[PDB]
């Protein structure tokens, strides 16, 4: 079972444990895993890069880190449409852009656990 995730603020102890479990992905605001990052634990599926209270994080992700027990597929369009890119377990993408073989602005995704 995989559904749309819930946006939440959790104590560092909780996110650290979800990180230890290994099924996660970190999206960074800057290239080379610099800047702040959004943390997602799976499995989870997002048809749009949004969240409650007006959160809209399209056009923000510049680098990606995938956990040791997760698989990430990003899509070019929303609602899991069109072209896709696959990032395997532990994968690191320092520059998430079309020029580097990905998309300039992916708009939906699916995070699986392995």
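Residue numbers count along the first chain shown, from 1.
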Taking the mean of the C-alpha B-factors per stretch from the entry, tell me the winner out of 55 to 63 and 28 to 36.
-> 28 to 36
In terms of the CA temperature factor given in the entry, to which third of its chain does residue 44 belong: lowest, middle or highest?
-> highest
Classify residue 82 as lowest, middle or highest third according to the C-alpha B-factor given in the PDB entry, relative to its own chain.
-> highest
Relative C-alpha B-factor of residue 104, binned into the chain's lowest, middle or highest third | lowest
